[PDB]
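Protein chains in written order, with full-length UniProt numbering: chain A, 47 to 92; chain B, 30 to 423; chain C, 62 to 276, 286 to 297; chain D, 174 to 327.
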Amino acid sequence: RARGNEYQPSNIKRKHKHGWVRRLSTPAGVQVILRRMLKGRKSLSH
Amino acid sequence: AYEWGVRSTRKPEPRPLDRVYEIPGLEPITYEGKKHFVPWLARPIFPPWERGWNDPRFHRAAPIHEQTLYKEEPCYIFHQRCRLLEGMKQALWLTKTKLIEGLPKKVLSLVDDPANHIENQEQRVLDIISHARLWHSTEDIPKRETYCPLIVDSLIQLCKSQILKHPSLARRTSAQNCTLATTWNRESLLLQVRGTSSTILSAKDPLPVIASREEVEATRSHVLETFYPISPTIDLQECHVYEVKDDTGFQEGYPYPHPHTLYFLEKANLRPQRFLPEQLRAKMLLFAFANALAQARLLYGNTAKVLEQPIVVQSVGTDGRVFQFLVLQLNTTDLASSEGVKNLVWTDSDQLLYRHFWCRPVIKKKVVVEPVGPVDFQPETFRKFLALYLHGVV
Amino acid sequence: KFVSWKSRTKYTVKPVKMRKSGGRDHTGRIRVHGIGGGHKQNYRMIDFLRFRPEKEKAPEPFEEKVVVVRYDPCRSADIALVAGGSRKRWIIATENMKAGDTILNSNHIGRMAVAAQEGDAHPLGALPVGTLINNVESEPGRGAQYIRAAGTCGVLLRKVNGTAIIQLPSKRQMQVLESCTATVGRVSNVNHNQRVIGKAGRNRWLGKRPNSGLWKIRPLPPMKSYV
Amino acid sequence: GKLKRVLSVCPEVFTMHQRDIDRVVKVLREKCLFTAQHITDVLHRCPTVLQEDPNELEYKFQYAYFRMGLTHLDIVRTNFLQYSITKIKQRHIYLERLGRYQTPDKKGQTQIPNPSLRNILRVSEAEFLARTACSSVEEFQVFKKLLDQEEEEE
RNA sequence: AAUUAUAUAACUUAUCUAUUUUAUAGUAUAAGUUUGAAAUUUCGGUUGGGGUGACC
RNA sequence: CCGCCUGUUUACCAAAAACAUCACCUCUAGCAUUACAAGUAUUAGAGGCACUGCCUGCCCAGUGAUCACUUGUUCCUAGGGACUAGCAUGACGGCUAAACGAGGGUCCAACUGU
RNA sequence: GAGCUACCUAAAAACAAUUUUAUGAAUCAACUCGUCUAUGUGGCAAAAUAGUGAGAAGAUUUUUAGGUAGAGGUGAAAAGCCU
Ligand SMILES: [Mg+2]
Ligand SMILES: [Mg+2]
Ligand SMILES: [Mg+2]
Ligand SMILES: [Mg+2]
Ligand SMILES: [Mg+2]
Ligand SMILES: [Mg+2]
Ligand SMILES: [Mg+2]
Ligand SMILES: [Mg+2]
Ligand SMILES: [Mg+2]
Ligand SMILES: [Mg+2]
Ligand SMILES: [Mg+2]
Ligand SMILES: [Mg+2]
Ligand SMILES: [Mg+2]
Ligand SMILES: [Mg+2]
Ligand SMILES: [Mg+2]
Ligand SMILES: [Mg+2]
Ligand SMILES: [Mg+2]
Ligand SMILES: [Mg+2]
Ligand SMILES: [Mg+2]
Ligand SMILES: [Mg+2]
Ligand SMILES: [Mg+2]
Numbered sequence: 047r048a049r050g051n052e053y054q055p056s057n058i059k060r061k062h063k064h065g066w067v068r069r070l071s072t073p074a075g076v077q078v079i080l081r082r083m084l085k086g087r088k089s090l091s092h
Numbered sequence: 030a031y032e033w034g035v036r037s038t039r040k041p042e043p044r045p046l047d048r049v050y051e052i053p054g055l056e057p058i059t060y061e062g063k064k065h066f067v068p069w070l071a072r073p074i075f076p077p078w079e080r081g082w083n084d085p086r087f088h089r090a091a092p093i094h095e096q097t098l099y100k101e102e103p104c105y106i107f108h109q110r111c112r113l114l115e116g117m118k119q120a121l122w123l124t125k126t127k128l129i130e131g132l133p134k135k136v137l138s139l140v141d142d143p144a145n146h147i148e149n150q151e152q153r154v155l156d157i158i159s160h161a162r163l164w165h166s167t168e169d170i171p172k173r174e175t176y177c178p179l180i181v182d183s184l185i186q187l188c189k190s191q192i193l194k195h196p197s198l199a200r201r202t203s204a205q206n207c208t209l210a211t212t213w214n215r216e217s218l219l220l221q222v223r224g225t226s227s228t229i230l231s232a233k234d235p236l237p238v239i240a241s242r243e244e245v246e247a248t249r250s251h252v253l254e255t256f257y258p259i260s261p262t263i264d265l266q267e268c269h270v271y272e273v274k275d276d277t278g279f280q281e282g283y284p285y286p287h288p289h290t291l292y293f294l295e296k297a298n299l300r301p302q303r304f305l306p307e308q309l310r311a312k313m314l315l316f317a318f319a320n321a322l323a324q325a326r327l328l329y330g331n332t333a334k335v336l337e338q339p340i341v342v343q344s345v346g347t348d349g350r351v352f353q354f355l356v357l358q359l360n361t362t363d364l365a366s367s368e369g370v371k372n373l374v375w376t377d378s379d380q381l382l383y384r385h386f387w388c389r390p391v392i393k394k395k396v397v398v399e400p401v402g403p404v405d406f407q408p409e410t411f412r413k414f415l416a417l418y419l420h421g422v423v
Numbered sequence: 062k063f064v065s066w067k068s069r070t071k072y073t074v075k076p077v078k079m080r081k082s083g084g085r086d087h088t089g090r091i092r093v094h095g096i097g098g099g100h101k102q103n104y105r106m107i108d109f110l111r112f113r114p115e116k117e118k119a120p121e122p123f124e125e126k127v128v129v130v131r132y133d134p135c136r137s138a139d140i141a142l143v144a145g146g147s148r149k150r151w152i153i154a155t156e157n158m159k160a161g162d163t164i165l166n167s168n169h170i171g172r173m174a175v176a177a178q179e180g181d182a183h184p185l186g187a188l189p190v191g192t193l194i195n196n197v198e199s200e201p202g203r204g205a206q207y208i209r210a211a212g213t214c215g216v217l218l219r220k221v222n223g224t225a226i227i228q229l230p231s232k233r234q235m236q237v238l239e240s241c242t243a244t245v246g247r248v249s250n251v252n253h254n255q256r257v258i259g260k261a262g263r264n265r266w267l268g269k270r271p272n273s274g275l276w286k287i288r289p290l291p292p293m294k295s296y297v
Numbered sequence: 174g175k176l177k178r179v180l181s182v183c184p185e186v187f188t189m190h191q192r193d194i195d196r197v198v199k200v201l202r203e204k205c206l207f208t209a210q211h212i213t214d215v216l217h218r219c220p221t222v223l224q225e226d227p228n229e230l231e232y233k234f235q236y237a238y239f240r241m242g243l244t245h246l247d248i249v250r251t252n253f254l255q256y257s258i259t260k261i262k263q264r265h266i267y268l269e270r271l272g273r274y275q276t277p278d279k280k281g282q283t284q285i286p287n288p289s290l291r292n293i294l295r296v297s298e299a300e301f302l303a304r305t306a307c308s309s310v311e312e313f314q315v316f317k318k319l320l321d322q323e324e325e326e327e
C-alpha cells in the first residue's frame, strides 16, 4: 500500500503524549525540559 | 469466609509517623512555616478545621444515631419499587383480608343493561388503541413510556363523556400524582406504606357497601395462610429513622372527601424494570388499603374497632395492554391480632384488551399476511372498565 | 492504570458488571496466552458458606426455600436462588434440585448419624461413611473450595477420632476435621463433558484465542560409547 | 494395599529420615525423567529401592537406557531395577560378546530380534544358559571370574 | 566449544530465635555443594571449489 | 495430486500444498483477595496431531491347574525363614467422505484476429 | 517513540434485494480484501491506474479513547510487525 501518511492528527492524543503536564510527570521528562531551556528553545513542549 | 473487596482497590493505610515524635520532650521541626510540602522535613499534625459559619453548598449530614427522629424499634416501609416474593399470599397476611375471585355481582350487572352502552362503543375503542400505539407520534414505533400513560387517559375521557345521560357525574374530579401513607401494626410488627398514585378519582358521595353485616361476621372462620420459612417482612425496607404519618392525598377541607378509584401504571420500556402481574396486584392491595385506612383514622380517630360503616375503594392497574381490576372493602381497624373479622377484596386478573399490534404490514412473497392495527381485540375488557367507572351513580 | 473490577464491598443478589483482562497483568504485559474477547457477562455473587446464620439470630439449624434453578455464564454448574427469613442469596445447585423445595442447613454434629437428603448441609461427622458429598471445606469456617464443579462428587472414605478422610475427584485422598460443613449430593449438569463445540467460531465466543504457529537424559561417562 | 506391601518389604520407611526419602524420589524425577504415575508404580512394586542409595540407582537406570536400549515402559513392566547390577552385567555382557544381543541403532531397528528381558533375568541361570544362550555352565563361571578381574583393573 | 553463572531449585554448616533434655523446629546473613535461565569470547595453515584422505 | 471444510500470512517480487481449525491424544497441578480467577480435576496451564470407521493388537512368571512344584527377590546362618493370588497385554497399514478451492495437472464441447 | 503496524481493554456503529432455511448456507450491491493480464517505471502514485477477480450476518468490517518498549514488546511462525 502507499505509505507516507502515518500522521493522523488528533489534539487529545498530541497533548497527552508530549504535553507540559506529561513532561513534568517523571524526572526524566523534567530533564528534557531543562536541556531545551539551556539550549534556548522557544518551544519547550507541545 | 470470603471477604468482598480486593485489597489493591481499598484506600491505602496512612503513612507511619516520624520517629522524632516518639522521643518525649522534643519539639519537631516541620515545614508548616513554609506553607508547602518538602521531602526532607517532618510532616505537621494539624487540628481539625472549622469554617466558623454555614455554607449551604458544603453541608454535611450528622450520623444516623444523632438524628432527632432515630428510633431503636424498626419500621418496615413498603414503597413503589418493592416486589414481594410471595405475591398475593404475603399481601393478604399483612392487610388481614380475605380474597374473593371475580367482581361483585352488583357492579357486573351495570353494563349488561344496553342503556349504559356508548354509541359506536367498539369502533371508538379501536381508534383509541391505534392512536396510542401508532398515530400519536411522528416516530415509526412509539415506546411504552409514552403510550402506556396515553391509553389510560384516553379511556377515562371516553367514559367521562357519559355525563350527557347522567348529570350526576359532575360531582367528581381527578388529580395527578397524589401521595398516600398509613401506619399500622400486625402481630407486634410496625408497618408503614409510602406511595403515590398516577391519577385519583374523587367523589362527593361515598360508594355503596358491597357486603352485608352477616357476610362480614362470617369471615371469622377464615384463617390467614402462612408461608414458613419465609418471613412476612421479606423485601420490605427496614428503617430506624422514621416518622408516623397518615395521608389520604389532600389536606383537610377538600370538597370531594371520598376517593373513588386509584390508577397505577407500568410504563418502563425495559422488561426487567416492569412488575410482573402477581406483584402488581400485591402493590395494588397495599396502596388501596392504605388509602382506605387513612380515611377511616381521619373520621373515627386513632382507636381500633370494627367499623360501623365499611369503606369501599377501587383500583385499576395496567401496563398498557393487560388490565387488572380491584375492589376493596374495609371492615375493621383492629389489625393487631390475626383472628377476628376480616376485610374483603374482589379481584379480576389478566384481562387482555388486545393481543398484539402491528405498526407495519407483514409481507411474505409480496402477500400481506397481517394488516396494521390491533389483533384479537376483546370488547369485554372495556365493559368491565366502564362498569367500575359508572359504579356509584348508575 | 489497570484497576481490578473486584471492588464491591457489600453482598447483593443483583448482577455485577465484569471487565475482561486479555491475559494481562496489572503491569500490562501478557501473562497467560490464549485469552481474549468473548460475550459480555455479568457476575452473580455466590455465597459458599452454607451455614451462615442471619443477623441477630442464634446458631441453630434453619431451613430455606428454593426459588429458582438458573444457568450461570461464569461456571460449569448451575445456581439456585434460595430464600429464608428475610434474606436472599445465591448458592450452587445439586443434581436434582427443583423450584419450591425446602432445604436444611445444620450446625449439629449428631452423636448418631443424621439421615441425609440431597442438598442439605451437615457437618462431616454426622454423615454415614461412603456418602457422596461436594462443596467440601478444608477448615471449619473457611468456605467451600473443593469439589464445586459440574457433575463432580467426593466420597467420605473413613472417620477416626475427630478427623475424616475424603476422596477428591482426582482420587488423591485428603483429611480434615469433622467440624467442617459439607453438602450431600453430586453437582448439577452431569452431562457437561458431552458437549461438542462443532466449529471454530464457537470457541471464539467463549473467549479463547488460537494457538501459535511455531512448531533430556545426559549419559554418564561409561554410557557415551553406546549413546 | 500398596502401603501393606511397602511396610512388609521395607519396615524402615517410617523410620528413615526426610533427606533419604527425598533423594530417591528426586533422582527418579529430575535425572531419570519418570512420570508421576510410574514413580508410584516403582515404589510399590520394588520397595527395596528406597534403601538403595543414589548414584547407584541412576547408574543402573542409564545402563538399561543406553547400553541395553530399553525404554521407560519396559523398565517399569519388567521390574528391571529389582535385579542386582552384578547379575545384569554378567548375563547381558555374556550374550553381547556371543553376538546374541544388539543395542538398537539410532533409527530404532535391530538386524536380529533381541531376546526377551524375562528370559535374560527372570528365568533361572540353568535355563538361561541352556535355552537363551545355549552355552555351557563351566564357560559362564570362567567368564564371571574374568569379568571380576577386568573390574579390578578398571 | 572454552570460561563464568547468590535466574530459579535443592541441600549442608554456621549465625539468630524458640523449645527440648542433648533434642527437633524455623532463619532479614556469611561460607560450601548440587542443578543450569542466562552472560562474554573464538572459528590455524597448505593442499583448485567441494567429498573422503591426508599432511605441518 | 495435495489439503477436510469458512478463515490467516511475507504493508512494497511468494496467498500456497504452509499456519490456524472442530475431533482425538500426551504431560503438569489439591489451591484464594491484582493475571490464571472473585475460578477448584466434567477445572486450569503446556504440547502434539486431520476426522471417521477397518484389518494388523501382546514383556500377565512358567508348568501342573481355585490348587502343587520349579523360578525369581530377600534375609538369618548348606541348613533355615520371609516375599511373589486384593492385577491380566497392544501398533500398524490401507481407508477415506460427500462437500469445498482466484491451489497444481489432464480432457471434451462451444467460441473466437491467438 | 504503539496518531503507522501487531495484539488487547472500554464505550459506540454499519449490513440492501433475492433463494434457502434456521445457517463461520446461497446469488450479488454497499463496504472490506487483492487472483490474473496489460499500461506506468524521476510514474497521477517512494507500490498507482484500467480491466478482470475473493468474501460480503460473521473467526465480519469500522470509529473514538486507553495499554504493552528494544537484553524488550507483539505474533492463527512469514525469523512477520513495532512511524
Ligand atoms: Mg513526515
Ligand atoms: Mg503447529
Ligand atoms: Mg485448504
Ligand atoms: Mg478461502
Ligand atoms: Mg492477524
Ligand atoms: Mg509481498
Ligand atoms: Mg487464495
Ligand atoms: Mg501477490
Ligand atoms: Mg499445516
Ligand atoms: Mg485456493
Ligand atoms: Mg476440441
Ligand atoms: Mg492505537
Ligand atoms: Mg487508525
Ligand atoms: Mg440483509
Ligand atoms: Mg493484507
Ligand atoms: Mg465460494
Ligand atoms: Mg462471491
Ligand atoms: Mg455469507
Ligand atoms: Mg517457517
Ligand atoms: Mg526461513
Ligand atoms: Mg523506521
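Backbone N, C-alpha and C fix where the C-beta goes; we use that ideal spot for every residue, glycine too.
Expected contact under 8 Å - CB spacing of residue i and residue j to nearest Å
i, j, result
"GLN236 of chain C", "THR224 of chain C", "6 Å"
"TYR292 of chain B", "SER226 of chain B", "7 Å"
"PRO220 of chain D", "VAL200 of chain D", "Not quite, the Cβ-Cβ distance comes to about 16 Å (not below 8 Å), so this is no contact."
Pick from the options that is closest to residue i, judged by C-alpha positions
i, options, result
"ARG300 of chain B", "B:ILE259, B:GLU174, B:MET313, B:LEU179", "B:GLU174"
"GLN102 of chain C", "C:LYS294, C:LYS286, C:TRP266", "C:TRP266"
"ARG247 of chain C", "C:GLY84, C:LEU229, C:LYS269", "C:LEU229"
"residue 6 of chain B", "B:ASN298, B:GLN343, B:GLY131, B:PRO92", "There is simply no residue 6 of chain B to check, as chain B begins at 30 and stops at 423 in what is shown."
"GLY98 of chain C", "C:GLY89, C:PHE109, C:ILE91, C:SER82", "C:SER82"
Residues bridged to residue i [DSSP beta-bridge criterion]
i, result
"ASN83 of chain B", "The partner list for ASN83 of chain B (beta bridge, DSSP) is empty, contrary to what the question assumes."
"residue 25 of chain C", "The question about residue 25 of chain C has no answer, for chain C in this structure spans 62 to 297."
"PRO286 of chain D", "Note: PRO286 of chain D sits in no beta bridge, so no partner."
"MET241 of chain D", "Beta-bridge pairing links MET241 of chain D to no other residue."
"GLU399 of chain B", "B:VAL391"
Beta-carbon proximity of residue i to residue j, cut-off 8 Å
i, j, result
"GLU368 of chain B", "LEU219 of chain B", "no"
"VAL154 of chain B", "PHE411 of chain B", "yes"
"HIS269 of chain B", "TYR99 of chain B", "yes"
"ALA120 of chain B", "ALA321 of chain B", "no"
"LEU206 of chain D", "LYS269 of chain C", "no"
"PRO258 of chain B", "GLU124 of chain C", "yes"
"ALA187 of chain C", "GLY171 of chain C", "yes"
"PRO339 of chain B", "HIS287 of chain B", "no"
"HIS87 of chain C", "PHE63 of chain C", "yes"
"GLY282 of chain B", "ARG69 of chain C", "no"
"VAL186 of chain D", "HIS217 of chain D", "no"
"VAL143 of chain C", "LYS118 of chain C", "no"
"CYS111 of chain B", "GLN266 of chain B", "yes"
"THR126 of chain B", "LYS371 of chain B", "yes"
"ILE227 of chain C", "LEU217 of chain C", "yes"
Residue i: CB within 7 Å of a non-hydrogen atom of ligand 2
i, result
"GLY274 of chain C", "yes"
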